[PDB]
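For reference, the structure discussed in these notes is given below.
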Amino acid sequence: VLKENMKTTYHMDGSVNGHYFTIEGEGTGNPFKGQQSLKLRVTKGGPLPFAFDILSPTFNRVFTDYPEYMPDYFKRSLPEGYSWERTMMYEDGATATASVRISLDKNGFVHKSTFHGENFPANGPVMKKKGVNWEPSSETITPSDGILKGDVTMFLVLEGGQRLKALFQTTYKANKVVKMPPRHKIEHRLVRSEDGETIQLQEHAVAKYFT
């Protein structure tokens, strides 16, 4: 059952510019209100020599506020769950891919991810750890042959105020056949903070039709 207070355990293996790392952590949130808060720790390869923000959107569209009148592909995928694949193309030529499987154990969600980043400029804002936070965004969600496609133009706010642009494209694939929504959008607000060792993420997400 999907709880009003739903927990997640996270495991990520990844590399950025050939630097391998591992992240583990926990989350809690209200999936029906599209709210979640995460506590993440670097367990291998820390301190990360890159801005954590390029990883944060990898750490679950179940935590989206969907109206009753719109099909919720992600909540309908439960308890079987779903997986997703994502490409992230930065305007400076840097590229990243992410792969995630979302499933359940007795305590809540199990979130297992991989992340491969390369060709971020060595003296760019990401390797110099100048990321602050992503801007709020609007992701277009489009059905296509059993899976959903997501398309969102992202802007990472840097120290000093300039913005690094990247195009995110995601495919979302339920582990069973589920009824699928029409084209719509999801409005995101993802905020990163820090508590000593712990990297903290909070996301709010709401689904809406266009117009």
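Note on naming: chains are A, B, ... as they come in the structure tokens, residues start from 1 per chain, ligands start from 1 in the order shown.
Selecting alpha helix (DSSP H) from the backbone DSSP output for segment 18-166 of chain A yields residues 73, 74, 75 and 76 of chain A.
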Give one line per residue of segment 183-207 of chain A that approaches segment 134-151 of chain A to at most 9 Å, naming the two atoms of the closest pair and their distance in Å to one decimal, counting only C-alpha atoms; sort by chain then ascending residue number and deliver it as a tab-separated table.
residue	atom	partner	partner_atom	distance
A:183	CA	A:142	CA	4.5
A:184	CA	A:141	CA	5.2
A:185	CA	A:140	CA	4.4
A:186	CA	A:139	CA	5.1
A:187	CA	A:138	CA	4.5
A:188	CA	A:137	CA	5.1
A:189	CA	A:136	CA	4.4
A:190	CA	A:134	CA	6.5
A:191	CA	A:134	CA	7.1
A:192	CA	A:134	CA	8.5
Please produce a file of those selected residues containing N, CA and C atoms, as a PDB file, in the first residue's frame.
ATOM      1  N   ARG A 183      -1.148  13.706 -22.861  1.00  0.00           N
ATOM      2  CA  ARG A 183      -0.067  14.660 -22.675  1.00  0.00           C
ATOM      3  C   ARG A 183      -0.406  15.634 -21.549  1.00  0.00           C
ATOM      4  N   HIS A 184       0.568  15.902 -20.691  1.00  0.00           N
ATOM      5  CA  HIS A 184       0.380  16.858 -19.606  1.00  0.00           C
ATOM      6  C   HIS A 184       1.753  17.380 -19.201  1.00  0.00           C
ATOM      7  N   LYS A 185       1.799  18.129 -18.107  1.00  0.00           N
ATOM      8  CA  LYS A 185       3.063  18.632 -17.605  1.00  0.00           C
ATOM      9  C   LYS A 185       3.140  18.417 -16.103  1.00  0.00           C
ATOM     10  N   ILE A 186       4.367  18.379 -15.596  1.00  0.00           N
ATOM     11  CA  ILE A 186       4.628  18.301 -14.165  1.00  0.00           C
ATOM     12  C   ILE A 186       5.522  19.473 -13.794  1.00  0.00           C
ATOM     13  N   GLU A 187       5.057  20.293 -12.859  1.00  0.00           N
ATOM     14  CA  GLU A 187       5.821  21.431 -12.373  1.00  0.00           C
ATOM     15  C   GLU A 187       6.648  20.983 -11.174  1.00  0.00           C
ATOM     16  N   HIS A 188       7.962  21.192 -11.250  1.00  0.00           N
ATOM     17  CA  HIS A 188       8.904  20.752 -10.232  1.00  0.00           C
ATOM     18  C   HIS A 188       9.487  21.939  -9.481  1.00  0.00           C
ATOM     19  N   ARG A 189       9.785  21.719  -8.205  1.00  0.00           N
ATOM     20  CA  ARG A 189      10.665  22.605  -7.449  1.00  0.00           C
ATOM     21  C   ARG A 189      11.553  21.725  -6.579  1.00  0.00           C
ATOM     22  N   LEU A 190      12.829  21.618  -6.948  1.00  0.00           N
ATOM     23  CA  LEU A 190      13.807  20.783  -6.258  1.00  0.00           C
ATOM     24  C   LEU A 190      14.831  21.685  -5.583  1.00  0.00           C
ATOM     25  N   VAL A 191      15.008  21.515  -4.272  1.00  0.00           N
ATOM     26  CA  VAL A 191      15.863  22.384  -3.471  1.00  0.00           C
ATOM     27  C   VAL A 191      16.873  21.524  -2.727  1.00  0.00           C
ATOM     28  N   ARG A 192      18.147  21.899  -2.816  1.00  0.00           N
ATOM     29  CA  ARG A 192      19.227  21.190  -2.148  1.00  0.00           C
ATOM     30  C   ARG A 192      19.741  22.016  -0.983  1.00  0.00           C
TER      31      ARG A 192
END
(message) Applying 7 Å and only C-alpha atoms, which residues near residue 132 of chain A remain after dropping the ones on its own chain fewer than 6 positions away? List them as a VMD selection string.
(response) chain A and resid 157 to 159
Would you write out those residues with N, CA and C atoms, as a compact mmCIF listing (two decimals), in the first residue's frame?
# COMPACT_ATOMS: atom_id res chain seq x y z
N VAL A 157 21.27 27.05 -11.22
CA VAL A 157 21.72 28.35 -10.75
C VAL A 157 23.10 28.19 -10.12
N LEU A 158 24.02 29.07 -10.49
CA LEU A 158 25.39 29.03 -10.01
C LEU A 158 25.63 30.16 -9.02
N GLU A 159 26.74 30.05 -8.32
CA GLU A 159 27.15 31.12 -7.44
C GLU A 159 27.43 32.31 -8.36
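For the set A:69, A:170, A:114, A:75, the residue with the smallest atom-to-atom gap to residue 11 of chain A is A:114, counting only C-alpha atoms.
In this structure, atom CA of residue 152 of chain A sits 11.0 Å away from atom CA of residue 89 of chain A.
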Considering only C-alpha atoms, give me a table of residues in segment 93-205 of chain A that are at most 8 Å from segment 51-68 of chain A, with the closest atom pair and distance in Å for each, as a tab-separated table.
residue	atom	partner	partner_atom	distance
A:98	CA	A:58	CA	6.7
A:100	CA	A:58	CA	7.7
A:102	CA	A:60	CA	7.5
A:111	CA	A:59	CA	7.8
A:113	CA	A:58	CA	7.3
A:115	CA	A:55	CA	7.6
A:125	CA	A:51	CA	7.8
A:126	CA	A:51	CA	5.0
A:127	CA	A:51	CA	6.4
A:128	CA	A:51	CA	7.3
A:129	CA	A:51	CA	4.3
A:130	CA	A:51	CA	6.5
A:131	CA	A:51	CA	5.5
A:132	CA	A:53	CA	7.4
A:133	CA	A:53	CA	6.6
A:134	CA	A:53	CA	7.3
A:156	CA	A:53	CA	7.7
A:186	CA	A:64	CA	7.8
A:190	CA	A:57	CA	7.8
A:192	CA	A:53	CA	7.6
A:201	CA	A:56	CA	7.4
A:204	CA	A:64	CA	7.3
A:205	CA	A:64	CA	4.8
(message) Need the shell around residue 3 of chain A: protein/DNA/RNA residues with any atom at most 12 Å away, counting only C-alpha atoms. Skip same-chain ones fewer than 5 positions apart. Format as a ChimeraX atom specification?
(response) /A:8,28-33,62-63,75,78-79,104,106-109
(message) If I take atom CA of residue 39 of chain A and atom CA of residue 82 of chain A, how far is one from the other in Å, to one decimal?
(response) 22.3 Å
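Shortest atom-to-atom contact with residue 34 of chain A among A:202, A:122, A:90, A:161: A:202, counting only C-alpha atoms.
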(message) Please report the interatomic distance between atom CA of residue 87 of chain A and atom CA of residue 101 of chain A in Å with one decimal.
(response)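 Taking atom CA of residue 87 of chain A as the start and atom CA of residue 101 of chain A as the end point, the length is 15.4 Å.
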Would you list the contacts of segment 13-23 of chain A as a PDB file with N, CA, C and O atoms, in the first residue's frame, taking every protein, DNA or RNA residue within 9 Å and counting only C-alpha atoms, but skipping same-chain residues closer than 6 positions in sequence?
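Full text of selection17.pdb as output:
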ATOM      1  N   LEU A  40      20.979  12.114   2.124  1.00  0.00           N
ATOM      2  CA  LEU A  40      21.890  11.320   1.310  1.00  0.00           C
ATOM      3  C   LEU A  40      23.317  11.496   1.811  1.00  0.00           C
ATOM      4  O   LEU A  40      23.723  12.600   2.183  1.00  0.00           O
ATOM      5  N   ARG A  41      24.074  10.400   1.807  1.00  0.00           N
ATOM      6  CA  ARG A  41      25.452  10.380   2.276  1.00  0.00           C
ATOM      7  C   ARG A  41      26.335   9.753   1.212  1.00  0.00           C
ATOM      8  O   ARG A  41      25.956   8.758   0.588  1.00  0.00           O
ATOM      9  N   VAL A  42      27.508  10.337   1.002  1.00  0.00           N
ATOM     10  CA  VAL A  42      28.485   9.745   0.097  1.00  0.00           C
ATOM     11  C   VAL A  42      29.247   8.674   0.867  1.00  0.00           C
ATOM     12  O   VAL A  42      29.909   8.966   1.868  1.00  0.00           O
ATOM     13  N   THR A  43      29.139   7.428   0.415  1.00  0.00           N
ATOM     14  CA  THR A  43      29.776   6.310   1.095  1.00  0.00           C
ATOM     15  C   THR A  43      31.048   5.829   0.406  1.00  0.00           C
ATOM     16  O   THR A  43      31.812   5.073   1.017  1.00  0.00           O
ATOM     17  N   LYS A  44      31.288   6.231  -0.839  1.00  0.00           N
ATOM     18  CA  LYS A  44      32.529   5.909  -1.529  1.00  0.00           C
ATOM     19  C   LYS A  44      32.855   7.057  -2.469  1.00  0.00           C
ATOM     20  O   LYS A  44      31.962   7.595  -3.127  1.00  0.00           O
ATOM     21  N   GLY A  45      34.130   7.434  -2.518  1.00  0.00           N
ATOM     22  CA  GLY A  45      34.557   8.488  -3.416  1.00  0.00           C
ATOM     23  C   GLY A  45      34.305   9.899  -2.933  1.00  0.00           C
ATOM     24  O   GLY A  45      34.356  10.832  -3.740  1.00  0.00           O
ATOM     25  N   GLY A  46      34.042  10.091  -1.642  1.00  0.00           N
ATOM     26  CA  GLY A  46      33.829  11.412  -1.094  1.00  0.00           C
ATOM     27  C   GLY A  46      35.111  12.029  -0.565  1.00  0.00           C
ATOM     28  O   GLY A  46      36.017  11.327  -0.106  1.00  0.00           O
ATOM     29  N   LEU A  48      32.894  14.541  -3.112  1.00  0.00           N
ATOM     30  CA  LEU A  48      32.697  14.568  -4.554  1.00  0.00           C
ATOM     31  C   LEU A  48      33.385  15.790  -5.150  1.00  0.00           C
ATOM     32  O   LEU A  48      33.217  16.902  -4.637  1.00  0.00           O
ATOM     33  N   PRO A  49      34.156  15.632  -6.224  1.00  0.00           N
ATOM     34  CA  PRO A  49      34.842  16.786  -6.820  1.00  0.00           C
ATOM     35  C   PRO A  49      33.966  17.543  -7.804  1.00  0.00           C
ATOM     36  O   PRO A  49      34.472  18.299  -8.638  1.00  0.00           O
ATOM     37  N   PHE A  50      32.653  17.343  -7.726  1.00  0.00           N
ATOM     38  CA  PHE A  50      31.722  17.981  -8.641  1.00  0.00           C
ATOM     39  C   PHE A  50      30.487  18.423  -7.870  1.00  0.00           C
ATOM     40  O   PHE A  50      30.199  17.925  -6.779  1.00  0.00           O
ATOM     41  N   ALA A  96      25.290  13.227 -19.463  1.00  0.00           N
ATOM     42  CA  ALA A  96      25.090  12.286 -18.377  1.00  0.00           C
ATOM     43  C   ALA A  96      23.887  11.417 -18.696  1.00  0.00           C
ATOM     44  O   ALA A  96      22.933  11.858 -19.344  1.00  0.00           O
ATOM     45  N   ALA A  98      21.280   8.451 -16.659  1.00  0.00           N
ATOM     46  CA  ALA A  98      20.864   7.886 -15.389  1.00  0.00           C
ATOM     47  C   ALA A  98      19.895   6.755 -15.668  1.00  0.00           C
ATOM     48  O   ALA A  98      19.116   6.821 -16.622  1.00  0.00           O
ATOM     49  N   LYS A 112      17.076   2.284  -6.684  1.00  0.00           N
ATOM     50  CA  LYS A 112      18.396   1.830  -7.110  1.00  0.00           C
ATOM     51  C   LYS A 112      18.754   2.532  -8.412  1.00  0.00           C
ATOM     52  O   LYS A 112      18.025   2.412  -9.401  1.00  0.00           O
ATOM     53  N   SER A 113      19.875   3.248  -8.421  1.00  0.00           N
ATOM     54  CA  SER A 113      20.201   4.116  -9.544  1.00  0.00           C
ATOM     55  C   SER A 113      21.649   3.948  -9.975  1.00  0.00           C
ATOM     56  O   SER A 113      22.516   3.574  -9.181  1.00  0.00           O
ATOM     57  N   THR A 114      21.892   4.228 -11.252  1.00  0.00           N
ATOM     58  CA  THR A 114      23.236   4.411 -11.775  1.00  0.00           C
ATOM     59  C   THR A 114      23.296   5.760 -12.474  1.00  0.00           C
ATOM     60  O   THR A 114      22.280   6.285 -12.933  1.00  0.00           O
ATOM     61  N   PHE A 115      24.499   6.321 -12.545  1.00  0.00           N
ATOM     62  CA  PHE A 115      24.695   7.638 -13.133  1.00  0.00           C
ATOM     63  C   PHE A 115      26.062   7.651 -13.796  1.00  0.00           C
ATOM     64  O   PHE A 115      27.054   7.286 -13.163  1.00  0.00           O
ATOM     65  N   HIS A 116      26.112   8.047 -15.066  1.00  0.00           N
ATOM     66  CA  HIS A 116      27.363   8.129 -15.813  1.00  0.00           C
ATOM     67  C   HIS A 116      27.482   9.528 -16.398  1.00  0.00           C
ATOM     68  O   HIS A 116      26.739   9.879 -17.317  1.00  0.00           O
ATOM     69  N   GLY A 117      28.412  10.315 -15.874  1.00  0.00           N
ATOM     70  CA  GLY A 117      28.667  11.658 -16.375  1.00  0.00           C
ATOM     71  C   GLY A 117      30.070  11.761 -16.943  1.00  0.00           C
ATOM     72  O   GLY A 117      31.018  11.219 -16.373  1.00  0.00           O
ATOM     73  N   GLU A 118      30.196  12.455 -18.072  1.00  0.00           N
ATOM     74  CA  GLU A 118      31.507  12.680 -18.665  1.00  0.00           C
ATOM     75  C   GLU A 118      31.518  14.001 -19.422  1.00  0.00           C
ATOM     76  O   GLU A 118      30.472  14.581 -19.727  1.00  0.00           O
ATOM     77  N   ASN A 119      32.731  14.485 -19.693  1.00  0.00           N
ATOM     78  CA  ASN A 119      32.958  15.656 -20.543  1.00  0.00           C
ATOM     79  C   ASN A 119      32.379  16.935 -19.946  1.00  0.00           C
ATOM     80  O   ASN A 119      32.052  17.874 -20.676  1.00  0.00           O
ATOM     81  N   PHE A 120      32.238  16.988 -18.626  1.00  0.00           N
ATOM     82  CA  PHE A 120      32.031  18.270 -17.969  1.00  0.00           C
ATOM     83  C   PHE A 120      33.361  19.012 -17.940  1.00  0.00           C
ATOM     84  O   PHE A 120      34.377  18.434 -17.533  1.00  0.00           O
ATOM     85  N   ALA A 122      36.632  20.799 -17.007  1.00  0.00           N
ATOM     86  CA  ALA A 122      37.399  20.702 -15.772  1.00  0.00           C
ATOM     87  C   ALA A 122      37.366  22.003 -14.986  1.00  0.00           C
ATOM     88  O   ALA A 122      37.408  21.976 -13.751  1.00  0.00           O
TER      89      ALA A 122
END
(request) DSSP on the backbone, then: every residue of segment 14-206 of chain A marked strand (DSSP E), written as a PyMOL selection string. (result) chain A and resi 14-16+19-30+35-44+82-90+95-105+108-118+131-134+137-144+147-158+163-174+184-195+198-206
